[PDB]
Structures are given as C-alpha cells and as structure tokens.
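Single-structure report; data block below.
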2 protein chains.
Amino acid sequence: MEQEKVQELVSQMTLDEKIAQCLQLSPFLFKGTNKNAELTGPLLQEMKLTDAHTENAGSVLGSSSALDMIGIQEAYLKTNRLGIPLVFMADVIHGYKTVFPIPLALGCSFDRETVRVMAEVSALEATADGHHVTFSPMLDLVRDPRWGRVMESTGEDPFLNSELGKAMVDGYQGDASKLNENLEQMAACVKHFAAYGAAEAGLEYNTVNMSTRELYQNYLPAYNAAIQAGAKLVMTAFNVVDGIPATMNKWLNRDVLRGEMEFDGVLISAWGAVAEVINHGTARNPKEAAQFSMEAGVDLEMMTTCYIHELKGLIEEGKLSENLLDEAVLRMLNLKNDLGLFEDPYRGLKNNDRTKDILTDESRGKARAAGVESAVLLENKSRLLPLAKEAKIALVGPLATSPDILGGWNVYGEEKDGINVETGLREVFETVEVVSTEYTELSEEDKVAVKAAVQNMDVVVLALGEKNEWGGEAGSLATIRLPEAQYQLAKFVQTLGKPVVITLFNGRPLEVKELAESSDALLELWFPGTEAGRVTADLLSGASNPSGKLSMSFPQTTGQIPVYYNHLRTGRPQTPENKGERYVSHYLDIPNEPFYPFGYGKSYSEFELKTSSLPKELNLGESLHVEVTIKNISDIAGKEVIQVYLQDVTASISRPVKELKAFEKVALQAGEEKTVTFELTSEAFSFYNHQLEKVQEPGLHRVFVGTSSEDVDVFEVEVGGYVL
Amino acid sequence: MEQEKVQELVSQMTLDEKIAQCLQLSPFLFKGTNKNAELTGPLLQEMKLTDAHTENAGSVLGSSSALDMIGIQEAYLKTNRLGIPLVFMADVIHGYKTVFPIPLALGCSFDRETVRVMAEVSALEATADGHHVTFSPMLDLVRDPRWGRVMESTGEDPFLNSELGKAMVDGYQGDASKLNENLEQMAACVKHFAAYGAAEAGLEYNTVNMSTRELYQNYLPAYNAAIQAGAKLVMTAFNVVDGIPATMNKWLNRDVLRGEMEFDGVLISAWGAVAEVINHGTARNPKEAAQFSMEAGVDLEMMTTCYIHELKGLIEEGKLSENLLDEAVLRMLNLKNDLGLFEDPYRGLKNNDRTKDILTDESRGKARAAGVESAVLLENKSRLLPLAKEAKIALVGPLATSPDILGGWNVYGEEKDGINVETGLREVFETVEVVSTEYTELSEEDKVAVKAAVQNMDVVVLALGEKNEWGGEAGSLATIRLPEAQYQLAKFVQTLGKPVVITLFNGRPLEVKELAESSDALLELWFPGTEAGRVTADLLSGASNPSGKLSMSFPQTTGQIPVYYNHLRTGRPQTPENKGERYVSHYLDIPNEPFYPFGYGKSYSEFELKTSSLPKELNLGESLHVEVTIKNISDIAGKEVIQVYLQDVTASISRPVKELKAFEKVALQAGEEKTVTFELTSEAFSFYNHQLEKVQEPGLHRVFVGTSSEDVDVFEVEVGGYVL
Ligand SMILES: OC[C@H]1O[C@@H](O[C@H]2[C@H](O)[C@@H](O)[C@H](O)O[C@@H]2CO)[C@H](O)[C@@H](O)[C@@H]1O
Ligand SMILES: OC[C@H]1O[C@@H](O)[C@H](O)[C@@H](O)[C@@H]1O
Ligand SMILES: OC[C@H]1O[C@@H](O)[C@H](O)[C@@H](O)[C@@H]1O
Ligand SMILES: OC[C@H]1O[C@@H](O)[C@H](O)[C@@H](O)[C@@H]1O
Ligand SMILES: OC[C@H]1O[C@@H](O)[C@H](O)[C@@H](O)[C@@H]1O
Ligand SMILES: [Mg+2]
Ligand SMILES: [Mg+2]
C-alpha cells in the first residue's frame, strides 16, 4: 500500500498500540498457536503479559511451521483493531530443512555463488514454511576459536566476510525493492552490531574492547557492506562497545548505524539484550533500560518487557519523546509493507501449500555441492587420496555413524534426513567395515574391535569430531582441543601400520598438530549439513576434488591465540635473517606461525599461476588492474582459489603485513588455461587514520598474488602524484 | 649550578654537539672503558660512529663498575670542549648486588615500606658503583602471564601498581630536589610509556590495542602516580599505541605525557625503539624516524643512530625546528644539573671508594625480610606447616640445589653470593636428605633415588620451578606450565605416602592446579633473590609466618587468559542461582573463576575483622572514611593485608565488579587487636566516561572490606545531593 496509508496508521494507533508494536514474542504466547500451548499460561504470567499486549504485539520469533504461522496470524487479525499483520522472523543460519555447511565452512569455499545459492534455497524453504525475516548473515569478525560462535562467521578476514555477506543478502532478498512481489525471497537481518566476535578470552557474552580506529578498520566493514547491499534489518550485540552495551549505545546505533551507514530499517535487539543492560550495570531498572534503548533507536524488543511495561510512563512523564516511538512504529510498519503484508498477510501461503518446495532433491544437490566446495584438504601424504572405489575401508571413530553432522545453529533441520559417514561411504565403496566409538572415551574393548577391523581392511578412514553442542551460542571452550580420547584413538590407529585418512567434523579451529602427525591424510569437513556423508564419500573417492581454503587460522596451541594472517609487523619481526636470536618477537615454546594459515588448502590437481606485467607507479585514486593466468598442469580436473593481497609498507598507522583484496575460484579441466582480471580500486589502498578519516596516502605498496596468504609472488607499486 | 649557566651552555654548543648530546651508548664504545675493549672498534664501524660523536655523546648505558665509570668520565672530560659530564644509567630492577625479590613478588607483599627499602638499598649500592639513573619502576599493567615481563610488574591492579610505584620512586630518589646533595640516592626512570603489558597473545614486542578510555582508566594511572611523585625520567614503550609506535606517538608523548601529566624531564627511548619505528612501518627510513621521534619529544636515543646521522640535515633543510633540539638538550643538561654533575661529575666517588657499602650483612637482612613479606602460602592442609626443626626432610626437585634463584632482570647480582634452598634449609633443620633432579627430565634413576630419600625421612620438600631465562624480556610462553617432567615428579612424590610441601620458584603465574592437588602444602616463593634459601627455611620452620597475597590471578588453564578480579559483569553473569544453565557467560570445560584470585594468601595465624558502622549516604565530593578493627585470634604472631574495594553499581560505562582502593598490611601478636582507618576520597568513586572526562556520578556504590577480593563483607552507600 501507499506510504500515506502507512503514515495514517501511525496517526490512528493509540499509545498503548504503538508501544506493543515494539514487542516480539515466541509463537506460543499467542492465541492460535498450534504447538507448545502448555507453556503459554505460566510464561504469560511470569512476563505479566495480557491480551491487550499480545493482541497488539509487533512480531513473532521462531514460529514452528506454516500452520503455526497461519493460526497465529488468522487469530491475531480477528482481534486487531487496525488490521496490522504480525511479522514472522526466524533463525535460518545455514539452511532451513535442507541444511547447508556451517557458515565458517562456507567461508572456506571462497565462493560467492555457493553462498548466494545456499541463501536462496534457505529463503525458498523458509518462506514456504511462513517465515518473513531471517537472522542472517552473521558478520562478526573472529580471531578467537575458543568462542563457540565462530561457526556462524565466515572467519578472520573483513574482505572475505564483506563479500560473502553481500552474497547471502542477495540470495535471501533478491531485489530488496520487490519483497512485496517475490514471495520466495525474504528479508535479511545483519547481526550482531557490533564486534561481538572479539569477546575477551573467548568467553560467551564477555567484554569486548578495542580502539575506535580498529573498530572502523576491521570490525565494521562487513556489517557496512551488507547494509549497503540492502539488508532490511539489523540486530544489536550482547557485548559492550567501548564500555557501553551495544543495545543502548547511542553513538553506535544513532551516529554510526543510522547516520554514517544510512541504515533506515528496523533495529531489533538480540534476545533479552534490552533488559540485560541492567546486568551490565548501565541501567538501574527496566524504566531506565527502556528509556536508553529507545534513545539509541532500538525498534523491536526481543522477548523482554521493558518497552511494554515502561514506555507509557516515560512518555507521560516527559522523559522520552513520543516522536521516538512513532519513528520506531513507522519503521516496523514500513517493513511489513515492504513484505506485502497489508495486501497478503499470509505471504503466499493461504491458498498455496508450498510443502513441495521443502527438501527437494534439486536442493539436496545444491547442499552437497556446497559441502564439496567448503571442505579443506589439509594433508595428503603419498597420494593416499583419492581412494579407489574398491579400496577396503575400515571406518572408525565417533563420527563413523554419528548423525550429528548438520552443525550448530540448525534450528529446523532434522537428523533423520541427514546422511552419516557410513551411509555416504557405502554408496560409493563396496567394502566398508565399521567400528563406532564414543566421543569422549576409548575403552579396551574399542581397541580390540578397531584392531580387528583394520587388520581386515586396507586403509583407515578415522572419523573424529566435536558434538555440535560444544560450539554455537554459549559453547565457549577454554582449550580448543577434541576430547583427549580422540587424540588417543588417532595415536592407537597409527600403530596398526595401515594408511590413515582422518575426516574431521567440527565448528571451530582446533589443535590438529597431533592429528596431522598421526595420519597420512587429513580432510576438514567442518559440519557439511544434510548431505554430509556424500560430501565425504565424493571427496575421498575423487568424484569431487577438494577446493576449499582455510578462512580462519589454525593455531599451534590454545596459547597462541589470537593468531591471524593480517597482523602487524612489530618493531622486532622474526625474519629468516634473525631466527634463533633472543631479542625478537617470538615464543620460547612454539613457532610464530599458526599450524595452518589463512587461504591454505590442498588439491588433487597442480596449478601454475602467472601474473601479467604490472605498473611500477599508480596515481592516487587510480585502480590497479591485476591479470592472472592459471593453468592446470596435471591430469585431474580441479579448482584453485587465486588470492590477491595488498600491503601498505609505510603509513601514519602501522598497517598489516597483508590484507586480502580480491579472490576468485577458477575451475579448470586437465591442461586447461584461463585468464582472470581483478580491479583493486583505490579504496583497496585506503585505511583509517588516527583521526578516523578514510584516507589514501602516497607511497609504496606490495601486491601478492597466489593460492594462500603464504604461497604468493610479490610485486611493488609506488602510489603518488595527482588524484583520479 | 645556576639555571642561567645551564641555559648559557645550550647557547654555547654547536649543532653537532647538540645532536650528539641526544645519543646514549654502551660503555665499550667510549675511550677509557676498562671492560670489553675488543668490541669497541668493530661496533664503532658497524654503527658508523666517529670520535666527534662519542666525545660528545650524552649518556652511557650499563657501565660495569665504578672503575668503568671513572675511566670513561675522566677520558671523556679530557676531550669534551665545554665540560658537559656524561650521565650514567642502569637497570637496577629489584636490586643491585644485594638482590631482592622480583617486582611481581614485591607486588604480593602488599607492603609499601618493603618496596621503598628495596629501592633505597638498590640506590645505595648502585651509586657506590657510579650509576646516576635506574630504569625502574616498571609500571605496565599486566593481565597475561604468557608475557615474560610480568615478573617486572607488580601485577593486575592499577591502584596497587600506583601505590607501590610511588614507594619505589621515593626509595630510589628520596627528596628529588636534593639529588645534587644526596649522593646515595639516584634518579628514577618510569617505564614503559605506555601499555606494553597488553601485548597481544602474550607475545613479546607484539601489538597492543585498546580504547582510549581504557587506556586512561587502567593503563595510565600508575605511570601518572609515579610522575606526580617526582620520577625524573620516562622511557618509551616498544609497542604501538592505537596503531602508532609509542616512541613517535606525538599525541601520547606531547599531549598526554608532557601536557596532561606535566612531565618536564628527559624522555629516553627503549633500546633501539627510535630506529624500530621503520620495522613497524610508520617511517620509511632513518631520516623519517628521527624527525618523527623528535616531533614526539624523545630526548635521548638508546643505542641507535637516527638522531646522530639525520638531525643536522633535517634541521638545515627546514623539515625540523632547531628549537625542538634545544628543548631536548636543555632537559638533558637539567638532569645532569639535578644530579650535581657540574660540581661533581663522579657523583661522590672520586675520593671516596664506597666498596664497603655493597652487599653488607645489613642489606642482606633487608632482602631476606622482603622475601618473607613477598612469598604467598597457597595451600596448607592439616597444618603441615610450619615444620618443627627436628622434622626429617627429603628435599627433592630441580630447585633443591639450583643457584638460579635471583630472578630475571638481575643485571649485576651474582649467583655465588646467593643462598640456595639446600643451604638455607641446612641452617635450620638438622636432618635433610637431598635428591636434585633436572628442570625438564625425570629419569628412572631419579625416581629410585627420590623413593629411597623419602622413605628415610618424614616430610617431602618438593622444590619446583622455572629457569629465570623462561621469562623476562623476550621470554614469552604460549602455555604457562612448568615442564611436564615437574608435574610428573609431583605426581610420583604424592604416591610415596609422606606429607608433601611444594616450594615453587618462578617469574609468572602458572597452571598450578595439578601441584595443589598433588601436595599437602604449596608456597609461592617466586624468585626471592640473594637470600632465597633463608627466605624458604624461615617460612617453612615458621621463624617467619607467610603474609603475602596474590597480586596477579592464577588461571585455571592457559585458555582462561586474560582472567582478572576487576572484571565487567556482562549482560549474563553466572550467579549462584543460574549455575548449570546453558545461556550464561561461562565455559563448557572450566570454571570462570581463576584457580587463585587477586589478594588471596594464607597465614599460620587466624584473624577477625570488623568494620565500623558506615554512612548510608554521602554527598558528591565527600570522602568515605572506613574504620576496621582487626584481631589476631591465634597463638601465632602474624600479618594480614586489609583490603578495601569499591564497586559502582550503575554507571554510564559498565564498571568493574570491584576495584581495590585501599590496603594496609597489619602486624599483630597473638591476641593483639588494632584499629586502622582508610579514607576513600571522591576520586576513588570516579572514572572516565565515554567522552574521556574524569567524573563522579550520583548513585549506589558497594564497599567491600576483607582479606582477599573474595573474602569480604559488603556495605552499600548511596551518593547524591550537592557537591563538596
Ligand atoms: O636484556 C634483557 C634481559 O636483561 C638481562 O640482562 C643481562 C644484561 O643485559 C647483560 O648486560 C649482563 O651481562 O647480564 C644480564 C644477564 O644476567 C637479564 O638477565 C634478563 O633477565 C632480561 O630479560
Ligand atoms: O534467536 C534469535 C536471536 O537470539 C539472539 O540473542 C542470538 O544471539 C541471535 O544470534 C539470534 O539470531
Ligand atoms: O534466555 C536465553 C535465550 O537467549 C538467546 O540468546 C538464545 O539464542 C535462546 O536459546 C535462549 O532461550
Ligand atoms: O539457542 C541458541 C542455539 O540455538 C539452538 O536452537 C541451536 O541448536 C544452537 O546450536 C545455537 O547455538
Ligand atoms: O636487541 C638488542 C637489545 O635489546 C634490548 O631491548 C635488550 O634488553 C638487550 O638485552 C639487547 O641486547
Ligand atoms: Mg603507505
Ligand atoms: Mg554509579
């Protein structure tokens, strides 16, 4: 409907109606739910909610099905005075019912189209089950794998994170201006504004502190890129940002988000984060938390009651302008309008059961493709991999038969529909002998059974891994290791004198040095999702050729954290010309290098890259154009990730030794050759100075072209002269 | 001499003389050195230094003896045109020849007078060997025991560090206006400005980042306190501060240090730090490093040549004002004048050999007293300790006989003057059997020998520890554990049936859970210094009663780092009520609490504290006066450390759960009772706000009185009304 009618609605609502529009509730607090109706009464009472509240609530959080949605919406519109439909929001993080790989695995794909397709299928299915908004992409930069939520990020690089972030937004939303017509797309919500991934000591919800310059330089850019590509909502972070909880941080949300980034959509709290500013000790009570959060421009309170119970009194007493509430209500209403909810409140479902669009075989193939794009081949000594189809496999360990391969933040996907490792392998390999072990134990009886199975077979597939519940939200591990029983199992298996492949399933970087030394090959599958065992079978047999690269550094040990590729030089860098010396930046007990670096991954093919002659000089404001020829010099069809890095050698701020500024994944048949070009615009040469200006300074830059952050050729370009 | 004559001198110097005055060199680059003369000609060449340079250099670093000094000063004054004497500077960190405990141990004393005495004795001896300046106190706040330089800090609390920092300046300098008269006192140099202790991942020289507010709130206060108490010099830090190397950070050094803090003394670079701005990538070359470091107000270049080779040309070319040079030279000259070098360049030594004053028996008793004040008794189950003097001791471990007990940053003390644990013990206990083992091994032969000795005796003194070389500068450990062989050794000894005391020697917090659990008692000696063996024997026999408290948290494990008492609450604090719940700030694998907390330590006595009745309310600006009656309710004389903490319950910045604001160590005979009174000024109630103002806000505070950060009574005060 036309904008004047939306504004008219704000004009016609009562103050109590306006307040309640700023509240989000679980489905079972609404009349007409068709699930968990036993939780409805006790919880209404603890929250002190009444019908006057629920019958005017703005939004639903986490409906269970299309019928829950229809029931709740139909009943709500029977009783709602002005006919304002509810908006339905959910966590579709790496898939709906067809579960794709966890986001950290998707980072390892270095492939933008993989990420868009995952988001498109996610929306196809989520809208088919009645959802209007997804709380995705999660764009928190991560340098600390203790933190369980690393699995929701694309990793340690702001540029990769920005690019894949835009790809998710595009896949979820398509053309943002036609969400009222394209009802298989949905609104995306960028989360968590801001810098939540820097949680101190990897502890959930813990303190974050960094300088404003670093916040601009590294932590904000991906939120910004997704916002600029049209993301419809943003969600606040649980953490403090320079001492003030993000949720009531007026500088952050008013000046930066709404001012500098020009975000004019719904800002929704993280769960309870409005109330939690009290725990943080920056509001005395719910009246203060209400007041400050609305001043900061939080439009929608997720599952707490500060707004419903306190805004009236604040507005009446004059502590808070009613104008701030009207503008919140206007953003809520515009979102609903943008989704077409005033013409069709059932968003395509009322006369059209789209059950047929859920968990299709086409979708399952897309998920499998994504899994084979995302896996990272870490070791492969002796061309152990790929295995011949008639290889006799002893499949052993906790991930041999475990159905827990769908990953964390899988709110709607079902283990029964997933493919485990044994099942996947038996579709490909005629001879498999299996010994399941538990995640945290290694008994004598296990060792006897493993030993018998390995004696019978030719090669061991050792399937190790985390339970998903050891990561995700509030899954912080102080020591980023697997249970010790699993390292003991790898130690045991090695003694049996057969070639060993370790297939590792997990949601964070781990300490894998002992796994690498104990095996001939090591394949990092992360959690691939619904098609996990096929992903595994195809990569091990060579039907698919591994092509993923690490999007997060794998530490030598927990105590090396944080370690990351885009680090500062220091005043005393370790060099090959001084290694051995005492008075340089090093540790007495480990290398400075991570065990495996950013951008690293192996292949069954072999590539050779050649970069075209580059200029020696460049004007300010000018783009560098980088042309690269890649050839597959082996007999095996394969994909490689060409990566381009920049360094600013001398600047007014000590700048990182490398930053990624371009990537493309190139597919090549045996012997095929291709040329690709990259434009590094002058923004690729720019940075935030100590004054917080985005600047370009004349001087020397190095340009690194290669297939990891370590396997690069290097070139020099002197930037100077005039601008443009 | 008079100020006019100092100024006159600046006038009379040539440019080349002014430039060289800003250079500091090792003694063997000067004519007249009586040690390492073979190093002179080659290094003069590598540094491209001439006579015109060395004959006008401003300062000497690390002279080796009184005779090195005299010889160098005689020869230098022979050729120096205007007669400007050299100033001699040295690292007297925790003792000269009489070595005291390491600073982190002196932190655990909680005893201002212990710290002043150490510094007084340090100056007495250092001046006797011809030194004018010491590079102490080191006031870097530390939260990361991976960093080897934690040993040089007094720990994790800015208030303790501030207070103890003032005590050290007072002991070194006494009356700062009378350094030309008091020739047994010496100039103090505060180091390292600023925030060096926040090195990321505990890696030496590494990146430091934090918000400016945090910098003001926690990282700056100790440097400021020492500067306000009259410290004569300041030394720059190796790290970046907000992306700019401290050494050339003009905001840091001109605006904060000289401006806000009103420091008008010599600013000396850390070693090589002027040149190392090149490595950091904030200067292209030595000409830029020179200009930038001089713009920042660095007066004295430690052992690099940027100034010496580049200032002339920068000044002649108009890219640097000569007025900045003249400012630096005048500060150098004024420091010399403050030390009385213009009337007596040998600072009391020339006709007065003070050899007699070095390593006296009186000085040794003061170092032993500092040792018994500084040790911390961590465990003592079933009153194993004190031991009766007729107790039969099996003394075993790497620290049984090791002479390595003087600590890191012991530049002048000698192990041959030190008392080892065996020697110490044998002066007290008639029956000791000794089985030394190596630091990093445990052989079958060791175990047989250990088994025989423990069978013969009644109690085990298990002496465990670090080599001092595993810490100090560029001694970063990624995992804060002793070698595994030591933990094995503790496990083995526990099986032998006999009671075990572990005496631990070290320079950092370590993972000690496994030691606590394998022994009946645990005494943290750190590195007591020269008298270490007598320190250990007196505490174990109870001739001295343990009275130290932890000044730095002992983590549960490496991955808990950083953990510290003055932490923020977060939005989801783990409470006694919600423990076990998934969605709160916690780890899956360890407790939140460190293994031992700030302010914790045991005693052979038992104490009772009670706090006199406090006001419910306070005006803004008003001091809170806290009165505490402590009784010793045991038969054993001892000392308790009374600690007072404040918390700001609600604020415009999320504030820490506690901050230490007062402390006093009280000595009490059996049965004795005392009253101590504390004034918490309105400054104790103040903090830095998001706009970087020092403010006091109205509202609730909690006041905690007790004997650790955990063992406290709590009281509430509402601050409001008008301002005093
Ligand atoms: O230099 C950092 C480091 O200082 C060491 O001091 C040296 C000193 O520099 C040298 O001139 C003298 O001969 O010996 C000492 C070694 O005893 C100190 O020993 C280290 O602990 C500290 O980390
Ligand atoms: O479940 C809805 C939301 O709850 C928040 O608190 C979580 O941290 C988000 O990641 C999630 O999108
Ligand atoms: O109350 C804790 C709630 O917090 C949210 O952050 C979680 O994502 C929900 O699982 C949970 O119910
Ligand atoms: O509650 C927050 C959590 O959402 C759950 O429903 C998911 O299964 C978890 O993996 C995630 O960490
Ligand atoms: O690296 C050269 C010098 O650096 C200083 O910081 C160290 O303390 C010296 O021990 C060392 O010789
Ligand atoms: Mg540059
Ligand atoms: Mg307050």
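Going through the structure tokens in order, the chains are called A, B, and so on, while each chain numbers its residues from 1 and the ligands are numbered from 1 in the order shown.
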> Using only C-alpha atoms, which residues sit within 7 Å of residue 564 of chain B once same-chain residues fewer than 4 positions away are excluded, as a VMD selection string?
Replying inline: chain B and resid 143 156 553
>> Excluding segment 329-337 of chain A and its own-chain neighbours fewer than 6 positions away, which residues fall within 10 Å of it when counting only C-alpha atoms? Please give them as a PyMOL selection string.
In response: chain A and resi 1-3+6-7+9-11+13+17-22+58-59+84-88+132-133+179-180+187+232-233+264-268+299-300+323+343-345
>> With 6 Å as the limit and counting only C-alpha atoms, what residues in chain A lie close to chain B? Please list them as a VMD selection string.
In response: chain A and resid 201 204 to 206 209 to 211 243 to 244 276 279 to 282 284 474 476 to 479 558 to 562 569 to 571 583 585 587 to 588 649 to 654
> So which residues of segment 332-451 of chain B fall under strand (DSSP E) by DSSP, listed as a list in words?
Replying inline: residues 376, 377, 378, 379, 380, 393, 394, 395, 396, 397, 432, 433, 434, 435 and 436 of chain B
For the selection you just gave me, I'd like the residues written to a file as a short mmCIF file (atom, residue, chain, number, x, y, z; two decimals), in the first residue's frame, keeping N, CA and C atoms.
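Result written to out_2.cif:
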```cif
data_model
loop_
_atom_site.label_atom_id
_atom_site.label_comp_id
_atom_site.auth_asym_id
_atom_site.auth_seq_id
_atom_site.Cartn_x
_atom_site.Cartn_y
_atom_site.Cartn_z
N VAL B 376 53.87 -16.17 49.05
CA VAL B 376 52.47 -16.44 49.25
C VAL B 376 52.21 -17.90 49.55
N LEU B 377 51.52 -18.16 50.67
CA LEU B 377 51.17 -19.52 51.08
C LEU B 377 49.83 -19.79 50.44
N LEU B 378 49.82 -20.73 49.51
CA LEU B 378 48.64 -21.00 48.71
C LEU B 378 47.78 -22.12 49.23
N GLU B 379 48.41 -23.13 49.83
CA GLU B 379 47.75 -24.29 50.41
C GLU B 379 48.54 -24.69 51.65
N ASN B 380 47.85 -25.27 52.63
CA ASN B 380 48.48 -25.80 53.85
C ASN B 380 47.43 -26.64 54.49
N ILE B 393 63.75 -34.17 56.61
CA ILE B 393 63.32 -33.63 55.34
C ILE B 393 63.94 -34.31 54.16
N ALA B 394 63.11 -34.80 53.28
CA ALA B 394 63.57 -35.17 51.98
C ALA B 394 63.35 -33.92 51.09
N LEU B 395 64.44 -33.35 50.62
CA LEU B 395 64.43 -32.12 49.80
C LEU B 395 64.75 -32.57 48.39
N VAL B 396 63.77 -32.49 47.49
CA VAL B 396 63.91 -33.05 46.17
C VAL B 396 63.39 -32.11 45.12
N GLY B 397 63.97 -32.17 43.94
CA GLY B 397 63.49 -31.41 42.78
C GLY B 397 64.56 -30.56 42.13
N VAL B 432 68.32 -33.30 56.67
CA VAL B 432 67.88 -33.10 55.31
C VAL B 432 68.55 -34.13 54.41
N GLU B 433 67.78 -34.86 53.60
CA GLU B 433 68.37 -35.66 52.52
C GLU B 433 67.97 -35.05 51.17
N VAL B 434 68.93 -34.94 50.25
CA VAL B 434 68.74 -34.15 49.05
C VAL B 434 68.80 -35.03 47.83
N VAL B 435 67.84 -34.89 46.91
CA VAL B 435 67.94 -35.54 45.59
C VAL B 435 67.60 -34.47 44.57
N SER B 436 68.63 -33.90 43.97
CA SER B 436 68.44 -32.91 42.91
C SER B 436 67.95 -33.64 41.65
#
```
> Just how far from atom CA of residue 26 of chain A is atom CA of residue 353 of chain A, in Å to one decimal?
Replying inline: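 Result for atom CA of residue 353 of chain A versus atom CA of residue 26 of chain A: 23.5 Å, one decimal.
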>> I'd like to know which of A:623, A:217, A:574, A:134 is closest to ligand 5, using only C-alpha atoms and all ligand atoms.
In response: A:574
